[PDB]
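Below is my_file.cif, which holds mmCIF, C-alpha atoms and all ligand atoms.
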data_coords
loop_
_atom_site.label_atom_id
_atom_site.label_comp_id
_atom_site.auth_asym_id
_atom_site.auth_seq_id
_atom_site.Cartn_x
_atom_site.Cartn_y
_atom_site.Cartn_z
CA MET T 1 0.00 0.00 0.00
CA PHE T 2 0.99 3.60 -0.79
CA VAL T 3 -0.14 5.97 1.99
CA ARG T 4 1.42 9.47 2.06
CA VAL T 5 3.47 10.14 5.23
CA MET T 6 2.01 13.65 5.21
CA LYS T 7 -1.41 12.11 5.97
CA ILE T 8 -0.08 11.27 9.45
CA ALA T 9 2.35 14.07 10.23
CA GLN T 10 1.95 16.01 13.46
CA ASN T 11 -0.29 18.79 12.16
CA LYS T 12 1.08 20.80 15.01
CA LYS T 13 3.75 23.19 13.85
CA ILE T 14 7.24 21.84 14.36
CA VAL T 15 9.41 23.41 17.04
CA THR T 16 12.78 24.45 15.59
CA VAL T 17 15.98 26.33 16.38
CA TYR T 18 18.57 28.12 14.21
CA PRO T 19 22.32 27.42 13.73
CA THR T 20 23.09 30.52 15.81
CA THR T 21 20.68 29.55 18.61
CA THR T 22 22.89 28.78 21.63
CA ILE T 23 23.19 25.29 23.07
CA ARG T 24 21.66 26.71 26.30
CA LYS T 25 18.59 28.02 24.44
CA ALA T 26 18.28 24.77 22.46
CA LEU T 27 18.27 22.88 25.79
CA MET T 28 15.54 25.13 27.20
CA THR T 29 13.53 24.65 24.01
CA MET T 30 13.86 20.86 24.27
CA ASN T 31 12.85 21.09 27.90
CA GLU T 32 9.97 23.52 27.48
CA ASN T 33 8.48 21.75 24.52
CA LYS T 34 9.10 18.25 25.83
CA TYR T 35 10.26 17.57 22.29
CA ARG T 36 13.51 15.71 22.54
CA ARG T 37 14.24 16.27 18.80
CA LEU T 38 14.81 19.71 17.21
CA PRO T 39 15.36 20.40 13.48
CA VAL T 40 17.88 23.17 12.88
CA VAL T 41 16.74 25.51 10.10
CA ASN T 42 17.68 28.82 8.49
CA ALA T 43 15.72 31.83 9.78
CA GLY T 44 15.80 32.44 6.77
CA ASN T 45 14.50 30.22 3.97
CA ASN T 46 13.47 27.51 6.48
CA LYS T 47 15.82 24.93 4.95
CA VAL T 48 16.73 22.04 7.24
CA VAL T 49 20.47 22.43 7.82
CA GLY T 50 20.74 20.32 10.97
CA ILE T 51 19.09 18.37 13.77
CA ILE T 52 19.80 18.19 17.50
CA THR T 53 18.47 15.58 19.92
CA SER T 54 18.95 14.75 23.59
CA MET T 55 21.57 12.24 22.43
CA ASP T 56 23.70 15.09 21.04
CA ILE T 57 23.41 16.79 24.43
CA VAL T 58 24.48 13.54 26.14
CA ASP T 59 27.50 13.42 23.75
CA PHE T 60 28.42 17.04 24.60
CA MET T 61 28.04 16.34 28.36
CA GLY T 62 30.73 13.63 28.30
CA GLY T 63 29.44 10.66 26.31
CA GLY T 64 31.34 11.29 23.08
CA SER T 65 33.52 13.55 20.95
CA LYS T 66 31.33 16.66 21.42
CA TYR T 67 32.46 16.84 25.07
CA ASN T 68 35.77 18.37 23.94
CA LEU T 69 33.90 21.61 23.22
CA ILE T 70 33.60 21.80 27.02
CA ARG T 71 36.86 20.07 28.06
CA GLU T 72 39.20 21.69 25.48
CA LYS T 73 37.99 24.99 23.95
CA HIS T 74 36.26 26.03 27.19
CA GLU T 75 38.54 24.35 29.72
CA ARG T 76 35.84 22.34 31.54
CA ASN T 77 33.39 25.30 31.78
CA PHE T 78 29.92 23.87 31.00
CA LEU T 79 28.33 27.31 31.38
CA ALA T 80 30.53 29.16 28.89
CA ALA T 81 30.35 26.18 26.50
CA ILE T 82 26.55 26.31 26.33
CA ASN T 83 26.79 29.83 24.90
CA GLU T 84 28.28 28.25 21.76
CA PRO T 85 25.90 28.22 18.78
CA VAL T 86 24.02 24.94 18.30
CA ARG T 87 25.77 24.49 14.91
CA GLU T 88 28.86 23.40 16.89
CA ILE T 89 27.16 20.20 18.09
CA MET T 90 24.22 19.62 15.72
CA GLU T 91 24.14 16.72 13.28
CA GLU T 92 24.34 17.77 9.63
CA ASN T 93 23.62 15.68 6.51
CA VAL T 94 20.14 15.08 8.00
CA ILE T 95 17.99 12.07 7.08
CA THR T 96 14.77 13.59 5.71
CA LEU T 97 11.69 12.54 3.73
CA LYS T 98 10.26 14.30 0.67
CA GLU T 99 6.70 15.64 1.14
CA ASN T 100 5.50 12.94 -1.27
CA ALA T 101 7.10 10.09 0.73
CA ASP T 102 4.93 7.13 1.77
CA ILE T 103 4.51 5.22 5.06
CA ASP T 104 6.56 2.25 3.81
CA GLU T 105 9.46 4.55 2.96
CA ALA T 106 9.33 6.12 6.45
CA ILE T 107 9.31 2.64 8.03
CA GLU T 108 12.22 1.37 5.92
CA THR T 109 14.06 4.58 6.81
CA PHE T 110 13.38 3.99 10.52
CA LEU T 111 14.33 0.29 10.34
CA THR T 112 17.50 0.59 8.24
CA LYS T 113 18.93 4.06 8.98
CA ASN T 114 18.73 3.89 12.80
CA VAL T 115 16.59 7.04 13.22
CA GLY T 116 13.34 7.42 15.18
CA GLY T 117 12.07 10.61 13.57
CA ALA T 118 12.64 12.45 10.31
CA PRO T 119 11.94 15.95 8.98
CA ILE T 120 9.57 16.08 6.03
CA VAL T 121 10.88 18.53 3.44
CA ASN T 122 9.92 19.79 -0.01
CA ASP T 123 12.11 20.02 -3.12
CA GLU T 124 13.90 23.14 -1.81
CA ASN T 125 14.56 21.15 1.39
CA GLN T 126 12.42 23.62 3.36
CA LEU T 127 10.80 22.18 6.47
CA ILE T 128 7.20 21.05 5.96
CA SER T 129 6.63 18.70 8.90
CA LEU T 130 8.17 15.77 10.85
CA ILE T 131 7.29 12.08 11.34
CA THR T 132 8.36 9.76 14.19
CA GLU T 133 8.09 6.01 14.78
CA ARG T 134 5.39 6.85 17.34
CA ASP T 135 3.21 8.61 14.74
CA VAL T 136 3.45 5.54 12.48
CA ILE T 137 2.70 3.08 15.33
CA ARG T 138 -0.26 5.24 16.43
CA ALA T 139 -1.62 5.37 12.87
CA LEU T 140 -1.34 1.59 12.33
CA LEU T 141 -2.09 0.26 15.84
CA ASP T 142 -5.45 -1.34 14.94
CA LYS T 143 -3.77 -2.97 11.92
CA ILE T 144 -1.68 -5.16 14.23
CA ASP T 145 -3.15 -8.67 14.47
CA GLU T 146 -4.53 -9.07 18.01
CA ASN T 147 -2.83 -12.46 18.36
CA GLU T 148 0.70 -11.38 17.40
CA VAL T 149 2.99 -11.85 20.39
CA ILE T 150 6.13 -9.83 21.33
CA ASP T 151 8.60 -12.77 21.56
CA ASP T 152 10.11 -12.51 18.03
CA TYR T 153 10.59 -8.75 18.41
CA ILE T 154 12.44 -8.71 21.73
CA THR T 155 16.07 -7.59 21.64
CA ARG T 156 17.74 -10.31 23.71
CA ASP T 157 21.23 -8.90 24.37
CA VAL T 158 20.55 -5.87 26.56
CA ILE T 159 23.09 -3.13 27.14
CA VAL T 160 22.55 -2.04 30.70
CA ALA T 161 23.55 0.43 33.42
CA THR T 162 23.96 -0.27 37.15
CA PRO T 163 22.67 1.78 40.13
CA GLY T 164 26.21 2.82 41.14
CA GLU T 165 27.34 3.87 37.65
CA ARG T 166 28.39 7.52 37.21
CA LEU T 167 26.52 9.69 34.68
CA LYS T 168 29.73 10.36 32.74
CA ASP T 169 30.07 6.57 32.20
CA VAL T 170 26.43 5.84 31.36
CA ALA T 171 26.64 8.71 28.84
CA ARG T 172 29.52 6.90 27.10
CA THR T 173 27.46 3.70 27.03
CA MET T 174 24.44 5.52 25.57
CA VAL T 175 26.36 7.40 22.87
CA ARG T 176 28.70 4.54 21.88
CA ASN T 177 25.85 2.05 21.46
CA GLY T 178 23.34 4.59 20.11
CA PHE T 179 20.80 3.66 22.81
CA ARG T 180 18.86 6.45 24.51
CA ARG T 181 17.47 4.15 27.21
CA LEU T 182 19.22 1.70 29.43
CA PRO T 183 17.45 -0.61 31.84
CA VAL T 184 19.12 -0.31 35.25
CA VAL T 185 20.10 -3.76 36.50
CA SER T 186 21.62 -5.00 39.76
CA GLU T 187 22.48 -8.66 40.41
CA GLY T 188 20.49 -9.63 37.30
CA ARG T 189 17.40 -7.78 38.57
CA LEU T 190 15.72 -4.73 37.02
CA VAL T 191 15.88 -1.88 39.53
CA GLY T 192 15.15 1.01 37.20
CA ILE T 193 15.36 2.80 33.89
CA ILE T 194 17.52 5.75 32.82
CA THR T 195 17.21 7.61 29.52
CA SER T 196 18.90 10.52 27.71
CA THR T 197 15.86 12.66 28.63
CA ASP T 198 16.71 12.16 32.33
CA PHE T 199 20.16 13.64 31.70
CA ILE T 200 18.50 16.72 30.11
CA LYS T 201 15.99 17.05 32.97
CA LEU T 202 18.91 17.01 35.41
CA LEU T 203 20.62 20.00 33.69
CA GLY T 204 17.47 22.10 34.18
CA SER T 205 17.22 21.31 37.89
CA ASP T 206 17.74 23.65 40.85
CA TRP T 207 20.32 21.15 42.09
CA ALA T 208 22.25 21.74 38.84
CA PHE T 209 21.86 25.55 38.52
CA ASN T 210 23.50 25.61 41.97
CA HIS T 211 26.66 23.61 41.07
CA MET T 212 27.08 25.53 37.81
CA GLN T 213 27.16 29.09 39.20
CA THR T 214 29.05 27.82 42.23
CA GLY T 215 30.36 24.63 40.68
CA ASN T 216 31.87 22.16 40.29
CA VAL T 217 30.64 21.16 36.84
CA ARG T 218 32.08 17.68 37.35
CA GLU T 219 29.62 16.99 40.18
CA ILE T 220 26.82 16.86 37.59
CA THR T 221 28.56 14.15 35.54
CA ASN T 222 29.51 12.37 38.80
CA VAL T 223 25.90 11.72 39.86
CA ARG T 224 25.20 8.01 40.19
CA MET T 225 22.23 6.39 38.44
CA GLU T 226 20.41 5.56 41.70
CA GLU T 227 20.02 9.28 42.38
CA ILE T 228 18.22 10.01 39.12
CA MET T 229 16.85 6.81 37.53
CA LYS T 230 13.15 6.01 37.34
CA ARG T 231 12.76 3.14 39.82
CA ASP T 232 9.29 2.00 38.84
CA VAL T 233 9.42 0.75 35.30
CA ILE T 234 6.74 -0.09 32.80
CA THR T 235 7.99 -3.54 31.80
CA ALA T 236 6.85 -6.18 29.30
CA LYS T 237 6.94 -9.99 29.36
CA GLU T 238 7.20 -12.95 27.01
CA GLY T 239 3.73 -13.91 25.83
CA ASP T 240 2.38 -10.35 26.03
CA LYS T 241 0.53 -9.25 22.90
CA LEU T 242 2.38 -6.96 20.49
CA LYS T 243 -0.69 -4.75 20.07
CA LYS T 244 -1.01 -4.36 23.86
CA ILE T 245 2.63 -3.30 24.18
CA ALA T 246 2.37 -0.97 21.15
CA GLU T 247 -0.78 0.65 22.58
CA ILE T 248 0.96 1.17 25.94
CA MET T 249 3.93 2.93 24.24
CA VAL T 250 1.78 5.26 22.14
CA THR T 251 -0.70 6.11 24.92
CA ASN T 252 2.16 6.96 27.30
CA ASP T 253 4.82 8.50 25.02
CA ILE T 254 7.20 5.73 26.07
CA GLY T 255 9.54 4.24 23.50
CA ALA T 256 11.06 1.30 25.36
CA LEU T 257 9.97 -1.40 27.81
CA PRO T 258 12.45 -3.73 29.53
CA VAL T 259 11.24 -7.35 29.22
CA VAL T 260 11.17 -9.10 32.60
CA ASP T 261 10.78 -12.31 34.55
CA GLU T 262 8.07 -12.56 37.18
CA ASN T 263 11.26 -12.42 39.31
CA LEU T 264 12.34 -9.24 37.45
CA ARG T 265 15.28 -10.93 35.71
CA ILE T 266 16.06 -9.31 32.35
CA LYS T 267 15.02 -11.29 29.28
CA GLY T 268 15.35 -8.40 26.84
CA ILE T 269 14.10 -4.98 25.79
CA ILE T 270 11.47 -4.00 23.21
CA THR T 271 11.20 -0.56 21.62
CA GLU T 272 9.11 1.35 19.07
CA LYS T 273 11.57 0.38 16.32
CA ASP T 274 11.02 -3.30 17.15
CA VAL T 275 7.24 -2.90 17.08
CA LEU T 276 7.65 -1.45 13.56
CA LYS T 277 9.31 -4.68 12.33
CA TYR T 278 5.78 -6.13 12.26
CA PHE T 279 5.13 -3.81 9.30
CA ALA T 280 8.57 -4.52 7.80
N1 LIG T 301 16.64 12.46 11.09
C1 LIG T 301 17.92 12.45 11.47
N2 LIG T 301 18.88 12.67 10.56
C2 LIG T 301 20.17 12.68 10.90
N3 LIG T 301 20.55 12.46 12.15
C3 LIG T 301 19.63 12.23 13.11
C4 LIG T 301 18.29 12.23 12.79
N4 LIG T 301 17.61 11.98 13.91
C5 LIG T 301 18.50 11.84 14.90
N5 LIG T 301 19.74 12.00 14.41
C6 LIG T 301 21.01 11.92 15.17
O1 LIG T 301 21.13 10.57 15.67
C7 LIG T 301 21.92 10.61 16.89
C8 LIG T 301 21.15 9.78 17.94
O2 LIG T 301 20.03 10.53 18.43
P1 LIG T 301 18.66 9.86 18.96
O3 LIG T 301 18.96 8.49 19.45
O4 LIG T 301 18.03 10.85 19.86
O5 LIG T 301 17.81 9.82 17.61
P2 LIG T 301 16.95 8.54 17.16
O6 LIG T 301 17.85 7.37 17.02
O7 LIG T 301 16.17 9.00 15.99
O8 LIG T 301 15.94 8.37 18.43
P3 LIG T 301 15.18 6.99 18.85
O9 LIG T 301 16.13 6.30 19.95
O10 LIG T 301 13.86 7.42 19.69
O11 LIG T 301 14.84 6.06 17.74
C9 LIG T 301 22.03 12.08 17.30
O12 LIG T 301 23.35 12.55 17.00
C10 LIG T 301 20.99 12.78 16.43
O13 LIG T 301 21.36 14.13 16.13
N1 LIG T 302 9.54 1.84 30.35
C1 LIG T 302 9.52 2.90 31.16
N2 LIG T 302 8.92 2.83 32.36
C2 LIG T 302 8.89 3.88 33.18
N3 LIG T 302 9.45 5.03 32.84
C3 LIG T 302 10.06 5.17 31.64
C4 LIG T 302 10.11 4.10 30.77
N4 LIG T 302 10.76 4.49 29.68
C5 LIG T 302 11.11 5.77 29.86
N5 LIG T 302 10.69 6.19 31.06
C6 LIG T 302 10.88 7.55 31.63
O1 LIG T 302 10.12 8.46 30.81
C7 LIG T 302 10.83 9.73 30.75
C8 LIG T 302 11.02 10.10 29.27
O2 LIG T 302 11.84 9.12 28.61
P1 LIG T 302 12.18 9.22 27.06
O3 LIG T 302 11.94 10.60 26.61
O4 LIG T 302 13.51 8.61 26.83
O5 LIG T 302 11.04 8.26 26.41
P2 LIG T 302 10.87 8.21 24.81
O6 LIG T 302 10.51 6.83 24.43
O7 LIG T 302 12.08 8.83 24.23
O8 LIG T 302 9.63 9.18 24.49
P3 LIG T 302 9.91 10.60 23.78
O9 LIG T 302 11.05 10.42 22.63
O10 LIG T 302 8.60 11.01 22.94
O11 LIG T 302 10.27 11.67 24.74
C9 LIG T 302 12.21 9.51 31.38
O12 LIG T 302 12.23 10.09 32.69
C10 LIG T 302 12.33 7.99 31.48
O13 LIG T 302 13.12 7.61 32.61
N1 LIG T 303 19.70 -0.87 26.05
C1 LIG T 303 19.66 -1.63 24.96
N2 LIG T 303 20.42 -2.74 24.87
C2 LIG T 303 20.39 -3.50 23.79
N3 LIG T 303 19.63 -3.20 22.75
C3 LIG T 303 18.85 -2.11 22.77
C4 LIG T 303 18.85 -1.29 23.88
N4 LIG T 303 18.01 -0.29 23.64
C5 LIG T 303 17.50 -0.48 22.42
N5 LIG T 303 18.01 -1.59 21.88
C6 LIG T 303 17.70 -2.15 20.54
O1 LIG T 303 18.32 -1.36 19.49
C7 LIG T 303 17.42 -1.30 18.34
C8 LIG T 303 17.18 0.20 18.05
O2 LIG T 303 16.25 0.67 19.02
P1 LIG T 303 15.99 2.16 19.50
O3 LIG T 303 14.52 2.33 19.64
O4 LIG T 303 16.72 3.28 18.57
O5 LIG T 303 16.76 2.19 20.92
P2 LIG T 303 16.58 3.41 21.91
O6 LIG T 303 15.15 3.78 22.05
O7 LIG T 303 17.24 2.97 23.33
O8 LIG T 303 17.55 4.58 21.33
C9 LIG T 303 16.14 -2.04 18.74
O9 LIG T 303 16.16 -3.37 18.23
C10 LIG T 303 16.19 -2.05 20.27
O10 LIG T 303 15.49 -3.17 20.81
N1 LIG T 304 32.57 21.49 18.24
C1 LIG T 304 33.54 20.87 18.90
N2 LIG T 304 33.40 19.57 19.25
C2 LIG T 304 34.36 18.94 19.91
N3 LIG T 304 35.49 19.54 20.25
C3 LIG T 304 35.69 20.83 19.93
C4 LIG T 304 34.71 21.53 19.25
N4 LIG T 304 35.16 22.77 19.06
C5 LIG T 304 36.38 22.85 19.61
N5 LIG T 304 36.70 21.67 20.14
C6 LIG T 304 37.96 21.32 20.85
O1 LIG T 304 38.62 22.52 21.36
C7 LIG T 304 39.96 22.56 20.82
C8 LIG T 304 40.28 24.00 20.47
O2 LIG T 304 39.29 24.50 19.55
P1 LIG T 304 39.58 25.81 18.68
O3 LIG T 304 40.24 26.91 19.68
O4 LIG T 304 38.12 26.42 18.31
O5 LIG T 304 40.42 25.59 17.47
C9 LIG T 304 39.90 21.73 19.54
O6 LIG T 304 41.20 21.20 19.26
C10 LIG T 304 38.93 20.62 19.90
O7 LIG T 304 39.61 19.58 20.61
#
Please lay out the structure from this file as structure tokens.
Ligand SMILES: Nc1ncnc2c1ncn2[C@@H]1O[C@H](COP(=O)(O)OP(=O)(O)OP(=O)(O)O)[C@@H](O)[C@H]1O
Ligand SMILES: Nc1ncnc2c1ncn2[C@@H]1O[C@H](COP(=O)(O)OP(=O)(O)OP(=O)(O)O)[C@@H](O)[C@H]1O
Ligand SMILES: Nc1ncnc2c1ncn2[C@@H]1O[C@H](COP(=O)(O)OP(=O)(O)O)[C@@H](O)[C@H]1O
Ligand SMILES: Nc1ncnc2c1ncn2[C@@H]1O[C@H](COP(=O)(O)O)[C@@H](O)[C@H]1O
Amino acid sequence: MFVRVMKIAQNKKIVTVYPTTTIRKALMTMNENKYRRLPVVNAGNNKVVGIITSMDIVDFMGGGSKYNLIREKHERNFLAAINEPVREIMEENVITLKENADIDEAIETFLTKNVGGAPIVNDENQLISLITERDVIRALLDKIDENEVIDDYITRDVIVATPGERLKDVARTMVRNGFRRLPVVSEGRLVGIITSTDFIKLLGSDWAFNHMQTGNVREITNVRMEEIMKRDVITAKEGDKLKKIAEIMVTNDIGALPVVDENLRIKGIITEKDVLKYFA
């Protein structure tokens, strides 16, 4: 079937920033709009020139190569570094869809190009809209066979964080593996979840505005997972229906559920991208 992606796209206007928008302001925008994904456009002609997600912020904070903007150019000063324009840490060469793109293209793009959301552009590459894996799952939820089970879709080998792990280390794990969410596991048992969004929430805390002005930047990246993880996790289990799990994700704006034992031992993880393999 050939259904236009545009027929689904968030008919809300898309929140954007500009290349000269500071990292600080981009962070606030992410925070204020709850949107953890921001297209970078010209002011301008509205051409998509970049994209910045919470994962890019986690990179910048210590998880990857973008951290050297802080450590090197700005000699460990997180607060001066965030005055840098967003173009310094945004991803360029963006994966986009043409305004005539269809659902199957979007899905293939999500499944093969390891993205969860893509800007929809026209022929001038001006921003029209954006589509996420959630929008597609929401639109096709009642087209999932009610009997289809989650087993085949579960990612068995889970990359994990522990309650004692420092933020600077979990950030490495997230960025290196390209996983925004890590189940938190201790002695084989699920004790929580931590995501890249949590790291962003932390930066906009009173606790963090304190250490920055009178910090002690390092104390932010030294926080252990137990201090900030979500302890009570929406989990899935083998034998659960795929449609049930999918519905739970979409109705809660949650992208990932750790898959657990009745004893809370980790069997796997299932995410929105996995759900979309049903329509592969
Ligand atoms: N459409 C895109 N085109 C190019 N790069 C992108 C795009 N979307 C995200 N990225 C980049 O991918 C890297 C990982 O970010 P993130 O994991 O937040 O995106 P994602 O993989 O699309 O999200 P999700 O885990 O919900 O599927 C970041 O550097 C981000 O800038
Ligand atoms: N399975 C879960 N159970 C309980 N809490 C969760 C679960 N998954 C994520 N969270 C919490 O939800 C909050 C938002 O997480 P996150 O933004 O990474 O979810 P998401 O799938 O990316 O949805 P979105 O991309 O639309 O924001 C975080 O505080 C995270 O700890
Ligand atoms: N923590 C993890 N450990 C192992 N695999 C994971 C983890 N998180 C996600 N995956 C798998 O990686 C693939 C891409 O999923 P994705 O939704 O982009 O991950 P995430 O939401 O954490 O960024 C999926 O098959 C998913 O099950
Ligand atoms: N955008 C960036 N991302 C990562 N590291 C950077 C970035 N900008 C500057 N740096 C680091 O800061 C050092 C000095 O930068 P510069 O003074 O602008 O030439 C560089 O050698 C890099 O190691």
For stretch 109-183 of chain T versus stretch 7-14 of chain T, which residues have an atom no more than 8 Å away, and what is each residue's nearest atom pair and distance in Å rounded to one decimal, using only C-alpha atoms, chain-then-number order, as a Markdown table?
| residue | atom | partner | partner_atom | distance |
| --- | --- | --- | --- | --- |
| T:129 | CA | T:14 | CA | 6.3 |
| T:130 | CA | T:9 | CA | 6.1 |
| T:131 | CA | T:9 | CA | 5.4 |
| T:135 | CA | T:8 | CA | 6.8 |
| T:136 | CA | T:8 | CA | 7.4 |
| T:139 | CA | T:8 | CA | 7.0 |
Excluding residue T:225 and its own-chain neighbours fewer than 6 positions away, which residues fall within 12 Å of it when counting all atoms listed in the file? Please give them as a list in words.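 Answer for this query is residues 160, 161, 162, 163, 164, 165, 166, 167, 168, 169, 170, 171, 182, 183, 184, 185, 186, 191, 192, 193, 194, 195, 196, 198, 199, 202 and 231 of chain T.
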Would you compute the distance between atom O6 of ligand LIG 304 (chain T) and atom CA of residue T:69? Give it in Å to one decimal. 8.3 Å
Sort by chain and increasing residue number a table of all residues of chain T within 6 Å of ligand LIG 301 (chain T), each with its closest pair of atoms and their distance in Å to one decimal, counting all atoms listed in the file, and write it as a tab-separated table.
residue	atom	partner	partner_atom	distance
T:51	CA	T:LIG301	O13	5.4
T:52	CA	T:LIG301	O13	4.6
T:53	CA	T:LIG301	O4	4.8
T:54	CA	T:LIG301	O4	5.5
T:55	CA	T:LIG301	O4	4.6
T:56	CA	T:LIG301	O12	4.8
T:91	CA	T:LIG301	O13	4.7
T:94	CA	T:LIG301	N2	3.7
T:95	CA	T:LIG301	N2	3.6
T:96	CA	T:LIG301	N1	5.8
T:114	CA	T:LIG301	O6	5.5
T:115	CA	T:LIG301	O7	3.4
T:116	CA	T:LIG301	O11	3.3
T:117	CA	T:LIG301	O7	5.0
T:118	CA	T:LIG301	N1	4.1
T:178	CA	T:LIG301	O3	5.9
T:180	CA	T:LIG301	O9	5.3
Output, as lines of an AutoDock Vina configuration file, the centre and edge lengths in Å (one decimal) of the axis-aligned box that contains all listed atoms of stretch 31-50 of chain T with 6 Å of margin on each side.
center_x = 14.6
center_y = 24.1
center_z = 15.9
size_x = 24.3
size_y = 28.7
size_z = 35.9
